[PDB]
Amino acid sequence: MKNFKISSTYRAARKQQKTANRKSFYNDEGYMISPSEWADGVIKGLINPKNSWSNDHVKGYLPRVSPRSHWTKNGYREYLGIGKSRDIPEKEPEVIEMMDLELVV
RNA sequence: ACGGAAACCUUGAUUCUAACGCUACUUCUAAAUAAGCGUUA
């Protein structure tokens with residue numbers, strides 16, 4: 001994930017909805033566990049501490065992610081993925097002949 | 001040195017002929033190999 005970054009609106013929403021203050025923890029099978037047993041499993045090695053917790057939920061359907069920018073050769077700004085998005089029109093499509101087909105109104 | 005001696009209750013005979021442990025009965029009834037994708041970036 002390099003073309004996009006975390007949006008500032010979502011970061012502000014998460015910050016002052018305090019969703020990181022209400023984390024949920026999981027064991028290696030992805031089942032909700034109390035923070036005490038999560039700590040005990042992480043210390044024992046039975047849980048990977050990295051991918052085993054969630055930052056609650058942010059409400060309001062905000063865009064989580066915004067395009068990231070970089071510097072072109074002349075010092076102008078540009079979106080990272082705008083210019084290397086595509087080069088060929090992928091050929092396609094295929095026009096299948098299906099004149100014998102009863103459509104439904 | 002006896003109402004005593006001698007004398008097979010014996011011979012020949014198939015407990016045999018005929019007869020289906022048989023008639024009827026669905027291993028049957030419902031059921032998508034399918035559901036969840038969070039949070040961080």
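Below, all heavy atoms of this structure are taken into account, side chains as well, without hydrogens, waters or symmetry copies. A, B, ... follow the sequence lines: proteins, then strands. Residue 1 opens every chain.
- Atom P of nucleotide B:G38 and atom NZ of A:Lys23 are separated by 18 Å, given to the nearest angstrom.
- OP1 or OP2 of B:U40 has at least one side-chain nitrogen or oxygen of A:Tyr10 nearer than 4.0 Å.
- When the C1' atom of B:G38 is taken as reference, atom NZ of A:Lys50 falls 17 Å away, rounded to whole Å.
- Residue A:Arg68 is classed as having no contact, given no heavy-atom separation below 4.0 Å to the nucleic acid.
- A 6.0 Å sphere centred on CG of A:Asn74 holds more than 12 heavy atoms belonging to other residues, nucleotides or ligands.
- We find that CE of A:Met1 is positioned 13 Å from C1' of B:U39, with the value rounded to whole Å.
- Computed from coordinates, the A:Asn27 CG to B:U39 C1' distance equals 16 Å when rounded to whole Å.
- Taking a 6.0 Å sphere around CZ of A:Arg86, one finds it holds 12 or fewer heavy atoms contributed by other residues, nucleotides or ligands.
- For B:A41, neither phosphate oxygen OP1 nor OP2 lies less than 4.0 angstrom from any side-chain nitrogen or oxygen of A:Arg64.
- Between A:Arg68 and A:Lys2, the closest heavy-atom pair is NE-O, 2.9 Å.
- If you check every strand for non-hydrogen atoms under 4.0 Å, A:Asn51 touches nothing.
- The side chain of A:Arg14 contributes an N or O atom lying less than 4.0 Å from OP1 or OP2 of B:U40.
- Side-chain proximity of A:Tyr26 to B:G38, B:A41, B:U39: nearest is B:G38.
- In terms of the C1'-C2'-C3'-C4' torsion, B:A24 has a north-puckered sugar. The angle is above zero.
- For the OP1/OP2 pair of B:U39 and a distance below 4.0 Å, the side-chain nitrogens and oxygens of A:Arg22 include no atom meeting the criterion.
- Distance, A:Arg11 CZ to B:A41 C1': 12 Å, rounded to whole Å.
- Classification of B:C8 as syn follows from a glycosidic angle within 90° of 0.
- The interatomic distance linking A:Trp53 (CH2) with B:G38 (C1') rounds to 12 Å, in whole Å.
- Dashed line: the shortest gap from a side-chain N or O of A:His57 to OP1 or OP2 of B:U39 is under 4.0 Å.
- When heavy atoms are screened at a 4.0 angstrom cut-off, A:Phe25 is found touching no nucleic acid atom at all.
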Exercise. Taking it one step at a time, do A:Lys5 and A:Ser66 satisfy side chain to side chain contact (heavy atoms under 4.5 Å, CB included)?
Worked result: CA-CA 6 Å; A:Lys5 64 182 181 293; A:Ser66 76; 3.6 Å; yes

